[PDB]
Every structure is written in structure tokens, then in C-alpha cells.
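Chemist:
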Amino acid sequence: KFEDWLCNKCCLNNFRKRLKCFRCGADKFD
Ligand SMILES: O=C1c2ccccc2C(=O)c2cc(S(=O)(=O)O)ccc21
Ligand SMILES: [Zn+2]
Numbered sequence: 181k182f183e184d185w186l187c188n189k190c191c192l193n194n195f196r197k198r199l200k201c202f203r204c205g206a207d208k209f210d
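Numbering-wise (the UniProt record's numbering), the sequence shown opens with residue 181 and increments by one.
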């Protein structure tokens, strides 16, 4: 299940395996 997620900081789709964003490092809940 690669239900990737969209950061709420830089708006970049990051993989699901990645708990943190791969641009600003901000967690999905931060
Ligand atoms: O090439 C990538 C890509 C391409 C098209 C859509 C999404 C991604 C992606 O999330 C990604 C993350 C990462 S990671 O370092 O966050 O795992 C590396 C590469 C990609
Ligand atoms: Zn981000």
C-alpha cells in the first residue's frame, strides 16, 4: 500500500514509507 501523502507545509507528495517529508523534513502531523 503506497498510499503516499501530501505534506501540509510544502505541498509535495511524499511516500507512505516516509514518516517525514522529503523536502522540509516536517512530519505529517507537524
Ligand atoms: O522519485 C520520487 C517520486 C516520484 C514521483 C512521485 C513521488 C515520488 C516520491 O515521493 C519520492 C520520495 C523519495 S524519498 O527519499 O522520500 O524516499 C525519493 C524519490 C521519490
Ligand atoms: Zn514538506
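C-beta: ideal position from N, C-alpha, C; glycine also.
#1: What number of angstroms, rounded off, separates the C-alpha of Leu186 from the C-alpha of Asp210?
#2: If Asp184 and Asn194 are in contact, beta carbons under 8 Å, what's the gap, nearest whole angstrom?
#3: Is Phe182 near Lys200, with beta carbons less than 9 Å apart?
#4: In three-state terms, what does DSSP make of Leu192?
#5: Measuring only from the beta carbon, is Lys189 closer than 8 Å to any heavy atom that is part of ligand 2?
Modeler: Walking through what the data contain:
#1: By 1-based counting over the sequence shown, the position of residue 186 is 6. By 1-based counting over the sequence shown, the position of residue 210 is 30. One C-alpha to the other measures close to 12 Å.
#2: Start at 1 with the first residue of the sequence shown, and residue 184 comes out as number 4. Start at 1 with the first residue of the sequence shown, and residue 194 comes out as number 14. Rounded to whole angstroms, the Cβ separation of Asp184 and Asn194 is 6 Å, and the two are in contact under 8 Å.
#3: Indexing the sequence shown from 1 puts residue 182 at position 2. Indexing the sequence shown from 1 puts residue 200 at position 20. No, the pair does not count as a contact, with Cβ atoms beyond the cut-off.
#4: Within the sequence shown, numbered from 1, the residue matching residue 192 stands at position 12. Three-state result, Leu192: coil.
#5: Stepping through the sequence shown from its first residue, residue 189 is reached at position 9. Yes, ligand 2 has a heavy atom inside 8 Å of this Cβ.
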